[PDB]
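Here the structure is laid out as structure tokens; the discussion comes afterwards.
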Amino acid sequence: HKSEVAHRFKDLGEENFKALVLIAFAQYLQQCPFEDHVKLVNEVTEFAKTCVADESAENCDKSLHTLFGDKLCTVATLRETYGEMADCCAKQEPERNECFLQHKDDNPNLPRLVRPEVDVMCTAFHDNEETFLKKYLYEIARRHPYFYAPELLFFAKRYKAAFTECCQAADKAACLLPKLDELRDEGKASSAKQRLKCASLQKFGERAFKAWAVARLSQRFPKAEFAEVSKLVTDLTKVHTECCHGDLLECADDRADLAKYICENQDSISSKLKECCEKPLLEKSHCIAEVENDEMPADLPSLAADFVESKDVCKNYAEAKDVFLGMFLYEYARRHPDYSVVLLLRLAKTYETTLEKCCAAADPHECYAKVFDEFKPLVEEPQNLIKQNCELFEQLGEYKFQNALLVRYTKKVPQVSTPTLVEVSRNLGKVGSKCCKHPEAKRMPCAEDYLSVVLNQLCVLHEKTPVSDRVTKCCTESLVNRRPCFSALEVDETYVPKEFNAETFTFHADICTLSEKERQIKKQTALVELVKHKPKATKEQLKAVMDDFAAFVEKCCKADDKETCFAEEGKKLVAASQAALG
Ligand SMILES: O=C(CCCCC(=O)Nc1c(I)cc(I)c(C(=O)O)c1I)Nc1c(I)cc(I)c(C(=O)O)c1I
Ligand SMILES: CCCCCCCCCCCCCC(=O)O
Ligand SMILES: CCCCCCCCCCCCCC(=O)O
Ligand SMILES: CCCCCCCCCCCCCC(=O)O
Numbered sequence: 003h004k005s006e007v008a009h010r011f012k013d014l015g016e017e018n019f020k021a022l023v024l025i026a027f028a029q030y031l032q033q034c035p036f037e038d039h040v041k042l043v044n045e046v047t048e049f050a051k052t053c054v055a056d057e058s059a060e061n062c063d064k065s066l067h068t069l070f071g072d073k074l075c076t077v078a079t080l081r082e083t084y085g086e087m088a089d090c091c092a093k094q095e096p097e098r099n100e101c102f103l104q105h106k107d108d109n110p111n112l113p114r115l116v117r118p119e120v121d122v123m124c125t126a127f128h129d130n131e132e133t134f135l136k137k138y139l140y141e142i143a144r145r146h147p148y149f150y151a152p153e154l155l156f157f158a159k160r161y162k163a164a165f166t167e168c169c170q171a172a173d174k175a176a177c178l179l180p181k182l183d184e185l186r187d188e189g190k191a192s193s194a195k196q197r198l199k200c201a202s203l204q205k206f207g208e209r210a211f212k213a214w215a216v217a218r219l220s221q222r223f224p225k226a227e228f229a230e231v232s233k234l235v236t237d238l239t240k241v242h243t244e245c246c247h248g249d250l251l252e253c254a255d256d257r258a259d260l261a262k263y264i265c266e267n268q269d270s271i272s273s274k275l276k277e278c279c280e281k282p283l284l285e286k287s288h289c290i291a292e293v294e295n296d297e298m299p300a301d302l303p304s305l306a307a308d309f310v311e312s313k314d315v316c317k318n319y320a321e322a323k324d325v326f327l328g329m330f331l332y333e334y335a336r337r338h339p340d341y342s343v344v345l346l347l348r349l350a351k352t353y354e355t356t357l358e359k360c361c362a363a364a365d366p367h368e369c370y371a372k373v374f375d376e377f378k379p380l381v382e383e384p385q386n387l388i389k390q391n392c393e394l395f396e397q398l399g400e401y402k403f404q405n406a407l408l409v410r411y412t413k414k415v416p417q418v419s420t421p422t423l424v425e426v427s428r429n430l431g432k433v434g435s436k437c438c439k440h441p442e443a444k445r446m447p448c449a450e451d452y453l454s455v456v457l458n459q460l461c462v463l464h465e466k467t468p469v470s471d472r473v474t475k476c477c478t479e480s481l482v483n484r485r486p487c488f489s490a491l492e493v494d495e496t497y498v499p500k501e502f503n504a505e506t507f508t509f510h511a512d513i514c515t516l517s518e519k520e521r522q523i524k525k526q527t528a529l530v531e532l533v534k535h536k537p538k539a540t541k542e543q544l545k546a547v548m549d550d551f552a553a554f555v556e557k558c559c560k561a562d563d564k565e566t567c568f569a570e571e572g573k574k575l576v577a578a579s580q581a582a583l584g
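Each position in the sequence shown, counted from 1, maps to that position plus 2 in PDB author numbering.
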């Protein structure tokens, strides 16, 4: 109403408010100590309560941006600590807020956050749930100044849940560690995605983004009328543009407003937005974004009717090209929740090319008449890969499957770094263990989601330390040919194998006293180095060498005087092995 702070305070709640303000400040003032942010939070909360009691108390009428910047400019060491940022305080609103946005460092030089021992965690937890959680929430926020605050808050509650449950467990570690690893991985993925999507809106442009959304929104809301989907795609695009700019307030309101729009028109959009829409303000958006696909009508026509077998098609298309293509995507995507969004884009892209080089032809109706015939090989390629790879995954285990990938990609790009190969092959290996368990009708969307993260993660490391044109090609290609481009890569014939190095293939008993997740990376590192030394090896020659190594390990660990054993059988191993691989 007349007071913004009061309003947000009222419908967010004290607890949520206090946490958000914390994250908000930790994101702009990434260098101040924890205890300092706590003071600000208390001061702002105290102020808020004043306004709650009387929307007319001093300053309660000022806008959040104004209020936020004023307290921000309140910090004394602003200039001595942040320098340039202090000059923002000289500017007025909105240049002031704009100025603060431009000075937020997305990759501060903060030390890697370390995970202490479960016992200390659980103890610190029990002795002060409050500071324990706010302190960590502070550490995460200052490191990811662009992570959508509410989402960060969503994660905090799951961490709390993990401590509550596990710190009472008979075996704390076995209960907590896995939940924690799962949590940071998921958090990492959530972050990689947010950055990825913004980057995209930048490179590829708005049209491609609008396309992506139509495909996605249509799979999810197959019953919605096309005009509703267009309406939603427009608002969604404005929403991400603003949320990418990094301004929390504008971002949050666009998201809420959009959630309220959806919920009000719920029936004419989806039947599965029931739970999500009764939920509280804070969670609505989160919920909705994650909602399961509604069910598609059974009384659905044939695409060929309006898109192939109907003359007056080049006329509808010329009438409004993007809109017609949109209707195509809409019609195609809502009938295929099983297709990957990018697959859908490929088809539409194909259709588009056809209509372009066929509507300017003699007899249109038959120039393009067999278009749906070109979609089949587009659809099949992805499917057969999910087919071939999920089987191999079930045969071997997650680990042996990972090793397979390891050999496979080293031979494609032997120039890539050994640790980078190990990283990629394992996450990749994960996508397999995480998606292959799904029923085929859900597999492809699964892989797309995971692979996009992995492929962009792959492309960044390379962007910085480029090592191959082939990779750089796939990495700067269209995000529709990205994965196909990588899938295409062939063995590197040009490659000149690295020289030999005894050390690289020398092992000590220490590997016996390492975690399964440790020995692995050690064995896997040697594997790449192996393939990098003998690239013309065979899955047969290789499997034989890997096998002798298998024994070698167990044999030397489960044998008296480990150290010597290794150095003894090791000389033998390296010797017999170098021989087979001539
Ligand atoms: O990341 C995603 C996940 C899409 C999930 C589909 C989606 O948009 N859901 C959704 C909905 I309904 C409503 C709201 I309110 C919100 C939100 O919280 O803002 C969201 I998140 N989508 C995506 C998009 I949209 C465009 C491009 I270009 C790319 C690329 O980088 O290829 C990608 I990977
Ligand atoms: C002075 C700064 C105060 C910070 C207030 C942030 C308000 C966030 C509103 C949260 C809306 C949740 C809607 C959603 O995105 O799902
Ligand atoms: C209703 C909003 C208009 C939707 C835009 C339709 C254009 C379809 C483009 C086909 C996909 C190719 C995307 C790309 O440029 O990479
Ligand atoms: C040319 C000397 C090569 C000898 C070094 C062999 C190292 C290969 C690592 C084998 C990893 C297989 C993993 C496993 O056994 O579970």
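The beta-carbon is built from N, C-alpha and C at its ideal position, and this holds for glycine as well.
Legend entry - Residue nearest to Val576 in terms of C-alpha spacing, selected from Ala229, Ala504, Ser270: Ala504
Legend entry - Same chain, Cβ closer than 6 Å to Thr47, neighbours up to 5 away in sequence not counted: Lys20
Legend entry - C-beta contact flag for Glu542 and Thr506 at 9 Å: no
Inset, instruction - Using beta-carbon positions only, say whether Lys402 and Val533 come within less than 9 Å of one another. - result: no
Inset, instruction - Please list, in chain order, all residues of the same chain as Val426 whose beta carbon is under 6 Å from its beta carbon, the five residues on each side excluded. - result: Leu460
Legend entry - Contact under 9 Å by Cβ, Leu357 with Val315: yes
Inset, instruction - Answer yes or no: do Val455 and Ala92 have a C-beta to C-beta separation smaller than 9 Å? - result: no
Legend entry - Residue from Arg144, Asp187, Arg145 with nearest C-alpha to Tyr161: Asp187
Legend entry - Span of the alpha helix (DSSP H) around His3: No alpha helix (DSSP H) contains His3, which DSSP labels as neither H nor E.
Inset, instruction - Just the C-alpha distance for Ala126 and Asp108, rounded to the nearest angstrom, thanks. - result: 29 Å
Inset, instruction - Go through its chain and collect everything with a Cβ distance to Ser470's Cβ below 6 Å, but skip five positions before and after it. - result: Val415, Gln417
Inset, instruction - Compute the beta-carbon to beta-carbon distance between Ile290 and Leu139, rounded to the nearest angstrom, for a pair I have assumed lies under 8 Å. - result: Wrong, their Cβ atoms sit about 24 Å apart, outside the cutoff.
Inset, instruction - Say yes only if the C-beta of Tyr401 is nearer than 8 Å to one or more non-hydrogen atoms of ligand 4, and no if none qualify. - result: yes
Legend entry - Identity of the residue in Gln522, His510, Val381, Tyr452 nearest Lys190 by Cα: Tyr452
Inset, instruction - Give a single yes or no on whether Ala371 has its beta carbon closer than 8 Å to a heavy atom of ligand 1. - result: no
Legend entry - DSSP-derived helix/strand/coil call for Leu154: helix
Inset, instruction - Mind checking which residues open and close the alpha helix (DSSP H) that includes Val533? - result: 518-535
Inset, instruction - Put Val547 into one of helix, strand or coil per three-state DSSP. - result: helix
Inset, instruction - Keeping to the same chain, check which residues put their C-beta closer than 8 Å to that of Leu238; ignore five residues upstream and five downstream. - result: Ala215, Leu219, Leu260
Legend entry - Beta-carbon gap between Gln580 and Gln404 smaller than 9 Å: no
Inset, instruction - Determine the burial state of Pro152: buried for a count of at least 16 other Cβ atoms within 10 Å of its Cβ, exposed for fewer. - result: buried
Inset, instruction - Below 8 Å on the Cβ atoms is my guess for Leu284 versus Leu14; work out the distance and round it to an integer in Å. - result: 7 Å
Legend entry - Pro147 Cβ short of 8 Å to ligand 2 heavy atom set: no
Inset, instruction - Inspect the beta-carbon positions of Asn483 and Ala201 and report whether they are closer than 9 Å. - result: no
Legend entry - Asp324 CB to nearest heavy atom of ligand 3 below 8 Å: yes
Legend entry - Sequence-distant residues of the same chain with beta carbon closer than 8 Å to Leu154, five excluded per side: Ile25, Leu139, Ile142, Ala143, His146
Inset, instruction - Taking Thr68 and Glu95 to be in contact with their CB atoms under 8 Å, please state how far apart those CB atoms are, rounded to whole angstroms. - result: 5 Å
Legend entry - Buried or exposed by the 16-neighbour rule on C-beta atoms within 10 Å, applied to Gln221: buried
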